[PDB]
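Enquirer: Questions regarding the structure given below will be posed in turn.
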There are 2 protein chains.
Amino acid sequence: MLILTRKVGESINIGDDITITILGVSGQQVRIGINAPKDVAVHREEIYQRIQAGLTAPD
Amino acid sequence: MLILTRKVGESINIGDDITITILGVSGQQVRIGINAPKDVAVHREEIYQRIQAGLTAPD
RNA sequence: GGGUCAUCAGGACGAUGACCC
RNA sequence: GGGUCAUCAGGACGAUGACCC
């Protein structure tokens, strides 16, 4: 893992083709954004487990 | 962009080799984690501009 | 013991300071 | 107009509800 801190309204980068932006907070909830090509995919870690089961194109 | 809400202590996924975790919250500040192979890079958006300058090979 | 704010930083659920009770 | 809490979700700085002044 690589851990660090950010402030609401700022960003982070990954894989030189992906970007992340902490849009703001709401208590224990945090609104966040992601920016990547459709050449890759993004989901909550639960929704991901419904996909990595053997596919990349659900119903 | 793909926007979401995740609570402190949960995770998200990107591509097929990257994972993210919202480690906690501290007001306008947030602590976040990333998990990917060293075959890819991760940095603050501020540090990123020192790396995309023409080398993609930090100090 | 609890709450709140901020800073430095790296592949580590990172590290540190400050303020209030 | 301001603050606080919560839920659903898609490639959109997403959408909605609730509580307090």
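Labels for the structure tokens follow display order: chains A, B, ..., residues from 1 in each chain, ligands from 1.
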Which neighbours of residue 13 in chain B fall inside 10 Å, counting only C-alpha atoms (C1' of nucleotides), when residues of the same chain fewer than 3 positions from it are skipped, and could you give them as JSON, numbers by chain?

Expert: {"A": [41, 42, 43, 44, 45, 46, 47, 48, 49], "B": [16, 17, 18, 19, 20, 21, 34, 35]}

Enquirer: Distance limit 10 Å, atoms considered: only C-alpha atoms (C1' of nucleotides). Which chain B residues sit that close to chain D? Return them as number ranges by chain.

Expert: B: 1-5

Enquirer: Return as a PyMOL selection string the full set of residues in chain A whose backbone-based DSSP assignment is helix (DSSP H, G or I).

Expert: chain A and resi 45-49

Enquirer: Could you write out that same residue set with N, CA and C atoms as a JSON list (two decimals), in the first residue's frame?

Expert:
[["chain", "number", "residue", "atom", "x", "y", "z"],
["A", 45, "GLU", "N", -15.47, -1.88, -4.26],
["A", 45, "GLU", "CA", -14.78, -3.15, -4.12],
["A", 45, "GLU", "C", -15.75, -4.34, -4.09],
["A", 46, "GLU", "N", -17.00, -4.11, -3.70],
["A", 46, "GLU", "CA", -18.01, -5.17, -3.73],
["A", 46, "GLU", "C", -18.46, -5.44, -5.16],
["A", 47, "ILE", "N", -18.75, -4.37, -5.91],
["A", 47, "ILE", "CA", -19.26, -4.49, -7.28],
["A", 47, "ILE", "C", -18.20, -5.13, -8.16],
["A", 48, "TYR", "N", -16.93, -4.94, -7.80],
["A", 48, "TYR", "CA", -15.80, -5.52, -8.50],
["A", 48, "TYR", "C", -15.82, -7.04, -8.39],
["A", 49, "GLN", "N", -16.19, -7.58, -7.22],
["A", 49, "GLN", "CA", -16.18, -9.02, -6.98],
["A", 49, "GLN", "C", -17.26, -9.73, -7.80]]

Enquirer: Would you mind writing down, as a ChimeraX atom specification, each residue of chain A that DSSP on the backbone assigns to strand (DSSP E or B)?

Expert: /A:2-7,10-14,18-26,28-35,42-44

Enquirer: For the reference chain A, what are the coordinates of chain B after least-squares fitting (all Cα, in-order pairing), as a CSV table (one decimal) with N, CA and C atoms, in the first residue's frame?

Expert:
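Below is the file selection.csv, written as the result:
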chain,number,residue,atom,x,y,z
B,1,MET,N,0.9,-1.0,0.0
B,1,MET,CA,0.0,0.2,0.1
B,1,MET,C,0.8,1.5,0.1
B,2,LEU,N,0.3,2.5,-0.5
B,2,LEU,CA,0.8,3.9,-0.4
B,2,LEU,C,-0.2,4.8,0.2
B,3,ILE,N,-0.1,5.2,1.4
B,3,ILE,CA,-1.0,6.0,2.2
B,3,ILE,C,-0.7,7.5,2.1
B,4,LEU,N,-1.7,8.3,2.2
B,4,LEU,CA,-1.6,9.8,2.1
B,4,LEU,C,-2.7,10.5,2.9
B,5,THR,N,-2.6,11.8,2.8
B,5,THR,CA,-3.7,12.7,3.2
B,5,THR,C,-3.9,13.7,2.1
B,6,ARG,N,-5.2,13.9,1.7
B,6,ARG,CA,-5.5,14.9,0.8
B,6,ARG,C,-6.8,15.6,1.3
B,7,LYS,N,-6.8,16.9,1.2
B,7,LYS,CA,-8.0,17.7,1.6
B,7,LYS,C,-9.0,17.7,0.5
B,8,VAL,N,-10.3,17.9,0.9
B,8,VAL,CA,-11.4,18.0,0.0
B,8,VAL,C,-11.2,19.1,-1.0
B,9,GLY,N,-11.3,18.8,-2.3
B,9,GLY,CA,-11.2,19.7,-3.4
B,9,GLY,C,-9.8,19.6,-4.1
B,10,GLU,N,-9.0,18.6,-3.8
B,10,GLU,CA,-7.7,18.4,-4.4
B,10,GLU,C,-7.6,17.1,-5.1
B,11,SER,N,-6.5,16.8,-5.8
B,11,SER,CA,-6.4,15.6,-6.7
B,11,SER,C,-5.1,14.8,-6.4
B,12,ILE,N,-5.1,13.7,-7.1
B,12,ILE,CA,-4.0,12.7,-7.0
B,12,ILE,C,-3.9,12.0,-8.4
B,13,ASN,N,-2.8,11.2,-8.6
B,13,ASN,CA,-2.7,10.6,-9.9
B,13,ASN,C,-2.2,9.2,-9.8
B,14,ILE,N,-2.5,8.4,-10.8
B,14,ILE,CA,-2.2,6.9,-10.8
B,14,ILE,C,-1.8,6.5,-12.3
B,15,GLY,N,-0.8,5.7,-12.4
B,15,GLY,CA,-0.3,5.3,-13.7
B,15,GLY,C,0.2,6.5,-14.5
B,16,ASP,N,-0.2,6.5,-15.8
B,16,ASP,CA,0.1,7.6,-16.6
B,16,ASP,C,-1.2,8.0,-17.4
B,17,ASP,N,-2.3,7.5,-17.0
B,17,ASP,CA,-3.6,7.7,-17.7
B,17,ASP,C,-4.8,7.8,-16.8
B,18,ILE,N,-4.5,7.8,-15.4
B,18,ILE,CA,-5.6,7.9,-14.5
B,18,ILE,C,-5.4,9.1,-13.5
B,19,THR,N,-6.5,9.7,-13.1
B,19,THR,CA,-6.5,10.8,-12.1
B,19,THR,C,-7.6,10.6,-11.1
B,20,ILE,N,-7.4,11.1,-9.9
B,20,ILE,CA,-8.4,10.9,-8.8
B,20,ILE,C,-8.6,12.3,-8.1
B,21,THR,N,-9.8,12.5,-7.6
B,21,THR,CA,-10.1,13.8,-6.9
B,21,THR,C,-11.0,13.5,-5.7
B,22,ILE,N,-10.6,14.0,-4.6
B,22,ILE,CA,-11.4,13.9,-3.3
B,22,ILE,C,-12.4,15.0,-3.3
B,23,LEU,N,-13.6,14.8,-3.9
B,23,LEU,CA,-14.6,15.8,-4.1
B,23,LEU,C,-15.1,16.4,-2.9
B,24,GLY,N,-15.2,15.7,-1.8
B,24,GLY,CA,-15.7,16.3,-0.5
B,24,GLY,C,-15.8,15.2,0.6
B,25,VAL,N,-16.3,15.7,1.7
B,25,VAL,CA,-16.4,14.9,2.9
B,25,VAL,C,-17.7,15.2,3.6
B,26,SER,N,-18.3,14.1,4.2
B,26,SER,CA,-19.6,14.1,4.9
B,26,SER,C,-19.6,13.2,6.1
B,27,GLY,N,-18.7,13.5,7.0
B,27,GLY,CA,-18.6,12.6,8.2
B,27,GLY,C,-17.9,11.3,7.8
B,28,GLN,N,-18.4,10.2,8.3
B,28,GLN,CA,-17.8,8.9,7.9
B,28,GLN,C,-18.0,8.6,6.4
B,29,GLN,N,-18.7,9.5,5.7
B,29,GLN,CA,-18.9,9.3,4.3
B,29,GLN,C,-18.0,10.3,3.5
B,30,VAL,N,-17.6,9.9,2.3
B,30,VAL,CA,-16.7,10.7,1.5
B,30,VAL,C,-17.1,10.5,0.1
B,31,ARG,N,-17.0,11.6,-0.7
B,31,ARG,CA,-17.3,11.6,-2.1
B,31,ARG,C,-16.1,11.7,-2.9
B,32,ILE,N,-15.9,10.8,-3.9
B,32,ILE,CA,-14.6,10.7,-4.6
B,32,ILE,C,-14.9,10.6,-6.1
B,33,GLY,N,-14.0,11.0,-7.0
B,33,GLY,CA,-14.1,11.0,-8.4
B,33,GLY,C,-12.9,10.3,-9.0
B,34,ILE,N,-13.1,9.8,-10.2
B,34,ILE,CA,-12.0,9.0,-10.9
B,34,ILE,C,-12.1,9.5,-12.4
B,35,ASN,N,-10.9,9.5,-13.0
B,35,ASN,CA,-10.9,10.0,-14.4
B,35,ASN,C,-9.8,9.1,-15.2
B,36,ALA,N,-10.3,8.2,-16.0
B,36,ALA,CA,-9.5,7.3,-16.8
B,36,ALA,C,-10.3,6.9,-18.1
B,37,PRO,N,-9.5,6.4,-19.1
B,37,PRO,CA,-10.1,5.9,-20.3
B,37,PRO,C,-11.0,4.7,-20.1
B,38,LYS,N,-12.0,4.6,-20.9
B,38,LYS,CA,-12.9,3.4,-20.8
B,38,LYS,C,-12.2,2.1,-21.2
B,39,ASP,N,-10.9,2.2,-21.5
B,39,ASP,CA,-10.0,1.1,-21.7
B,39,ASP,C,-9.7,0.4,-20.4
B,40,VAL,N,-10.2,1.0,-19.3
B,40,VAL,CA,-10.0,0.4,-18.0
B,40,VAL,C,-11.3,0.5,-17.2
B,41,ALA,N,-11.4,-0.2,-16.1
B,41,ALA,CA,-12.7,-0.2,-15.3
B,41,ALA,C,-12.5,0.3,-13.9
B,42,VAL,N,-13.7,0.8,-13.4
B,42,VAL,CA,-13.7,1.3,-12.0
B,42,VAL,C,-15.0,1.0,-11.4
B,43,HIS,N,-15.0,0.5,-10.1
B,43,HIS,CA,-16.2,0.1,-9.4
B,43,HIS,C,-16.0,0.1,-7.9
B,44,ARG,N,-17.1,0.0,-7.2
B,44,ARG,CA,-17.1,-0.2,-5.7
B,44,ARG,C,-16.5,-1.6,-5.5
B,45,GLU,N,-15.9,-1.8,-4.4
B,45,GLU,CA,-15.3,-3.1,-4.0
B,45,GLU,C,-16.4,-4.2,-4.0
B,46,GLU,N,-17.6,-3.8,-3.6
B,46,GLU,CA,-18.7,-4.7,-3.5
B,46,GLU,C,-19.2,-5.1,-4.9
B,47,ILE,N,-19.2,-4.1,-5.9
B,47,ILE,CA,-19.6,-4.4,-7.3
B,47,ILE,C,-18.5,-5.2,-7.9
B,48,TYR,N,-17.3,-5.0,-7.5
B,48,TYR,CA,-16.1,-5.6,-8.2
B,48,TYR,C,-16.2,-7.1,-8.1
B,49,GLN,N,-16.7,-7.7,-6.9
B,49,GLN,CA,-16.7,-9.1,-6.7
B,49,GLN,C,-17.7,-9.8,-7.7
B,50,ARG,N,-18.7,-9.0,-8.2
B,50,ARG,CA,-19.6,-9.5,-9.2
B,50,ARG,C,-19.0,-9.5,-10.6
B,51,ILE,N,-17.9,-8.9,-10.8
B,51,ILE,CA,-17.3,-8.7,-12.1
B,51,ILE,C,-16.0,-9.6,-12.2
B,52,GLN,N,-15.3,-9.8,-11.1
B,52,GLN,CA,-14.1,-10.6,-11.2
B,52,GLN,C,-14.5,-12.1,-11.0
B,53,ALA,N,-15.8,-12.4,-11.0
B,53,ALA,CA,-16.3,-13.7,-10.9
B,53,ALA,C,-16.0,-14.6,-12.1
B,54,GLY,N,-15.6,-14.1,-13.2
B,54,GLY,CA,-15.2,-14.9,-14.4
B,54,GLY,C,-15.6,-14.2,-15.7
B,55,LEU,N,-15.8,-12.9,-15.8
B,55,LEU,CA,-16.2,-12.3,-17.0
B,55,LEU,C,-15.7,-10.9,-17.3
B,56,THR,N,-15.3,-10.1,-16.3
B,56,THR,CA,-14.9,-8.7,-16.4
B,56,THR,C,-15.7,-8.0,-17.4
B,57,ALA,N,-17.1,-8.3,-17.5
B,57,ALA,CA,-18.0,-7.6,-18.5
B,57,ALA,C,-19.3,-7.5,-17.8
B,58,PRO,N,-19.6,-6.4,-17.0
B,58,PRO,CA,-20.8,-6.1,-16.4
B,58,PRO,C,-22.0,-6.1,-17.3
B,59,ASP,N,-23.2,-6.0,-16.7
B,59,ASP,CA,-24.5,-6.0,-17.4
B,59,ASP,C,-24.6,-4.7,-18.2
